[PDB]
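Chains as they are written, first to last, in full-length UniProt numbering: chain A, 317 to 368; chain B, 86 to 170. C-beta atoms are modelled at their ideal positions from N, C-alpha and C, and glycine is treated no differently.
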DNA sequence: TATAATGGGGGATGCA
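Structure representation (structure tokens):
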């Protein structure tokens, strides 16, 4: 995970950080023999795109 | 010995090849719709270009005689289609 | 037309 924009607010002896974070959550799919993978390696997909 | 050279298909490879065949059939079925020609002729030209130049003959059932000239004309008419066609 | 089946059963002489 990386932090895009990092804001902050000075309060008393502490700081409140407003972070804009970005990352990737892996999800494992199991493929069956009768199925066919129709998406290449490292392909940028969106919501609804058919993978298999 | 000539038969023991081609490996035995795995289930996955089997389904793969079969699927590709069926998809090819449908693809030609729509290509004929696009070009407004003949399915048998088209699939025969595809067969021709696939197998190479070793096999070229007039197929009993097809109206046009399949000589390299004609298959060149048809293949050039196949290259004259939009990316989605 | 659709369980799955995938590799068989002598005898001598001329010529390359």
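*asked:* By the 9 Å beta-carbon criterion, what residues does the segment 349-363 of chain A contribute toward chain B?
replied: Considering only beta carbons, the part of the segment 349-363 of chain A lying closer than 9 Å to chain B consists of 349, 350, 351, 352, in chain order.
*For residue 129 of chain B, is the classification buried or exposed, using 16 other Cβ atoms within 10 angstroms of its Cβ as the cut-off for buried?*
Answer is buried; the Cβ neighbour count reaches 16.
_For residue 365 of chain A and residue 338 of chain A, the rounded distance between their alpha carbons_ = Rounded to the nearest whole angstrom, the C-alpha separation of residue 338 of chain A and residue 365 of chain A is 21 Å.
_Using a Cβ-Cβ cutoff of less than 8 Å, which residues in the same chain neighbour residue 126 of chain B once the five nearest sequence positions on both sides are dropped?_
Cβ neighbours of residue 126 of chain B within its own chain (closer than 8 Å, five residues either side excluded): 147, 148, 149, 159.
_Neighbourhood of residue 144 of chain B by C-beta distance below 7 Å, restricted to the same chain and skipping five residues each side_ = For residue 144 of chain B, the CB contacts under 7 Å within the same chain, skipping 5 residues up- and downstream, are 129, 151 in chain order.
*Considering only residues of the same chain and omitting the five flanking positions on each side of residue 156 of chain B, which have a CB-CB separation below 6 Å?*
Cβ within range, chain order: 130, 133.
*With distances taken Cα to Cα, identify the nearest neighbour of residue 357 of chain A among A:367, A:332, A:334.*
Closest option to residue 357 of chain A, Cα to Cα, is A:367.
*Looking only at C-alpha atoms, which of A:351, A:362, A:359, A:361 sits nearest to residue 97 of chain B?*
Nearest of A:351, A:362, A:359, A:361 to residue 97 of chain B, Cα basis: A:351.
*Endpoints, alpha helix (DSSP H) assigned at residue 133 of chain B*: Where residue 133 of chain B is concerned, the enclosing alpha helix (DSSP H) stretches over 124-136.
*Which one or two residues does DSSP pair with residue 155 of chain B in a beta bridge?*
BP columns for residue 155 of chain B are empty, so no partner.
*Considering residue 104 of chain B, what are the terminal residues of the alpha helix (DSSP H) in which it resides?*
In this chain, the alpha helix (DSSP H) harbouring residue 104 of chain B covers 96-120.
*Thinking C-beta only, is residue 170 of chain B closer than 8 Å to residue 135 of chain B?*
The answer is no: Cβ separation not under 8 Å.
*Could you list which residues in chain A have their beta carbon closer than 7 Å to that of residue 97 of chain B, in chain order?*
Identification of chain A residues near residue 97 of chain B by a Cβ-Cβ cut-off of 7 Å yields 349, ordered along the chain.
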